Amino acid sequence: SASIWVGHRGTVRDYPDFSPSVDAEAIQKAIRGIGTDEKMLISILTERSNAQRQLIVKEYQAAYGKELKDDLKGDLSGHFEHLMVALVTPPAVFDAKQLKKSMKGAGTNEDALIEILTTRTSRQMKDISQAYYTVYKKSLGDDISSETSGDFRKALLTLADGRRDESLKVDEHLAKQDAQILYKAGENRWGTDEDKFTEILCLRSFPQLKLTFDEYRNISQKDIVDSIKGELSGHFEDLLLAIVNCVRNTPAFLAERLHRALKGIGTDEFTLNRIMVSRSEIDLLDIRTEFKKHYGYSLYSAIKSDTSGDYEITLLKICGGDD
């Protein structure tokens, strides 16, 4: 058992000298009474992996009959609070909540839905579905079904099932047939067979899709991206382009979401928090590399320019270093 939630390029790793008891006691002393030692909280939680944080949570419950997340919510405020609670939340539960949050109210955050459902693996998606049910007592699919529609809805429902092929094997025969199908379902006909785009881009493994995009280019003499932009529109178009970019370079896709979250008028702290926390033990190092390659400046400096206080320090600790 390797964590489906832990990858090879994260910025946060297991603290080797970890002691749950010592950490829980330190956290308790830090929030206990008037004031809060935010510095102590930062020092500990950003320097422990999520798995260790879960052990601290368990220990804190045992020793104080208190839920660590509730004490954090009672003492902390703002972005710093949200970030800190995010850090102590199990990964599948964090994603499930982010998903609920993106569908909550009169509006839907299509970009957040796209981001999460396209970057999570089938295994993580199965975990997220289970967590969603546990926390909401409703399936993710039911919620998606009700807050979206059209082709966008159908593609999100296919991804939420976590049925994408996980095999390591590829089928050149299959890649050619699929590339022919995509060609025939789009460019080669008036209108588009949207369902066929959804089926192939959502159920074939990433490796398989990379072959299919090569064959497609051969058949059509155009990139799959060109076809998608010409045949589709709206959120559906955005979702399929997201799938293509993730197949080719997931860290660059996420580097781009971070970039938009930090630029313009007003930082999108929720996108920032989500990406920083959820990819910290997976590929934040690669996201850093891509961000710098694409924008010319490191993620570390982007954080430093648009954020401040304890919130900034925590993000910088998660970030891990400059590039």
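Start at 1 and count along the sequence shown; that's the residue number.
Legend: mean Cα B-factor per stretch from the PDB entry, 24-32 versus 51-59; the higher mean is in 24-32. Higher mean CA temperature factor between 218-226 and 124-132: 218-226, per the PDB entry. Each of 107, 91, 234, 251 has a CA temperature factor in the record; the biggest one is found at 107. Of the residues listed, 238, 151, 171, 95, the entry assigns the biggest Cα temperature factor to 171.
When all modelled residues of the chain are sorted by CA temperature factor, residue 298 is found within the middle third.
In this PDB entry, residue 82 carries a Cα temperature factor that places it within the lowest third of its chain's modelled residues. For residue 309, the recorded CA B-factor ranks within the middle third of the chain. Only modelled residues enter the ranking.
When the modelled residues of the chain are ordered by their C-alpha B factor, residue 195 lands in the middle third.
Annotation for residue 259: C-alpha temperature factor in the middle third relative to the rest of the modelled chain, per the entry.
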